[PDB]
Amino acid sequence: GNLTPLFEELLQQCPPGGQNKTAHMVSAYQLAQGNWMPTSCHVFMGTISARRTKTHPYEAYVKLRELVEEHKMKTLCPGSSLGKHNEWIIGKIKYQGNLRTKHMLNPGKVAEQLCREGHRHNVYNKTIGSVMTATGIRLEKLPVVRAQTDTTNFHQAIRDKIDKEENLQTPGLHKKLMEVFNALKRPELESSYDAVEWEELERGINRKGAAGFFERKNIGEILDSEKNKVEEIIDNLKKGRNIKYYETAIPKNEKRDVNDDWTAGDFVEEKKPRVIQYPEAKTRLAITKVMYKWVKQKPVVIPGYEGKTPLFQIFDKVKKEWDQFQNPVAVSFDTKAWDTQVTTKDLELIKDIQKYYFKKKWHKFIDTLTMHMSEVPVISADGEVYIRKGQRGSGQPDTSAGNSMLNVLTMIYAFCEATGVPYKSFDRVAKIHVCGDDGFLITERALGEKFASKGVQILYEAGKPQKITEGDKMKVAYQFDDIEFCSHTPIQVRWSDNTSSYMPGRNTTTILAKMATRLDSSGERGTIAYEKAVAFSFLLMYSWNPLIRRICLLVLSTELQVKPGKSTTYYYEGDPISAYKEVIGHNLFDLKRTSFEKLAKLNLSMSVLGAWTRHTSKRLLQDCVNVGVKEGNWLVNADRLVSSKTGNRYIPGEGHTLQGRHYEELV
């Protein structure tokens, strides 16, 4: 009836309960339509037990609201204990605590020092910047802000996100998730994973990887001296012996996009930090050395895992899936603060999966580590200790693998339970794609809409509450380029071939913001070299954007004799226009037309926020043309329009795309 959305809202507040085969279980719609009187607020698949009695919708509503409030009353005052294996941390406490934490224990402080403050304003790449501002782009106006890392806001962040009990989850959920796992295990690899050699582990490793609160040496330093310390940790865990597990909590210093805020009118100028929580460097080494093939997905055993797919390939890959369905539709995964939603039972389910794949000799390792992870003492940067109840800390080696598996398992479960499709038959009916907590699913419109409705409830009960659209549903893409994934959305280009591919689209404002700014000045981060590598990396992602493309081209044109740096995501070797060709599969020159409407939308905010002038495009074009009319071979002539107007072309020499960081698998 009229009141269905209200009942939906209330069912998102009830405690998850189990099946009840012996009672009249009824849904929000049912309650809203009439003569059902709630008896429980224990909710199961969006349904609660009700008597069949003359009852008006408003009356049923009042009753359920009363039941929910009663439960909330039973539930204040829950208590936070500290398990014996964590008692060691108290020995290090020296002052009393000031976290004012409400749901986890805050025994006190260790040092009283680092009670930092300040702002952190934006740092600018000189060359990139002058290319942009010489055309009327104003860096000031780009909706990018910094993460306030002062202790006050840092604590506010902790209380905001991490101070919370483990989510209640539907009884027997994890039995069910293991059934889902069972339909996608790889028997081919049971009991097979073993540790790796320091050789392998070090290859590509980040030697600047940071140290724990009680830790003087970073990853490089540990590798040079204390491999024996690390091997000791490995042996303790290997045997079942507790270790002094703890995690360090620092506010993540980063650039924060505020495009949507500024265009609304709300002109936010700082944002509360995300919270990084990571174990000791010695301990990250100890975990990764043993669990390398799981934590790094070597091989990938998580269906839909896209951790290893380059961003410029993903959408093309996905469109091949979209094209196989009669009325394709994509339901978007969007869990609120995923990391803070992960419960001990979740961690345990990953523990059991890990034990499926690892050799028996390491089971006791996994057990002991999983246990440590279920109640984690965390020292903040400024000294405050808090005892986290479950959850996930971003710095954990298992973060990316664990989350992704957990996300897939949960979303399949939810999809199936919403639709009727058995867990074994998921492959028959939909396609899934996860990168950590991010992801989506592709399926037939009927099943996708079912999922998008029954999903918010089911996922709430599963312990992974969503974020929703005005219709209180999961976000649904009815046309391919409305998919959103890894902060991007597909945009179509058409080549001189007359073929077409999809590239990773994103607001122009955000692209310029990210491209113009930098965090440090350490590594190659001062030089033109680093800027050329940034331009190349952007050119791989954003060649569909004539503005970004032309800016990148002009940057790559600067100081021809200077080889690019290796710090950023991708870099190049030889000629960047070729490298482009090598991994995009056409030449820049072939890019005939970018999809008009999607490009207009991703450009819109630029005008709304006054980040460019009426003549910016024109001026940037002219800037390219002035370089490209000169006699000779000028890489700005790789731009189809530039070349058209200069009457010259660019003849690329040899070149190859390379990687300096994350580590993916190119085609």
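Residue numbers run from 1 along the displayed sequence.
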Using the B-factors recorded in the PDB entry, average over the C-alpha atoms of 555-563 and of 537-545, then report which stretch comes out higher.
555-563
If you average the CA temperature factors over each stretch, which comes out higher, 11-19 or 653-661?
653-661
Which one, 389, 550, 241, 102, has the peak C-alpha temperature factor per the PDB entry?
241
Most elevated Cα B-factor in the entry, residues 490, 303, 107, 526:
526
What third of its chain, lowest, middle or highest, does the C-alpha temperature factor of residue 66 fall into?
middle
According to the PDB entry, is the CA B factor of residue 316 in the bottom, middle or top third of its chain, that is, lowest, middle or highest?
lowest
Please place residue 465 in the lowest, middle or highest third of its chain according to the CA B-factor in the PDB entry.
lowest
Which third of the chain holds residue 627 when residues are ordered by C-alpha B factor: lowest, middle or highest?
highest
Taking the chain's C-alpha temperature factors as the reference, tell me which third residue 204 falls into: lowest, middle or highest.
highest
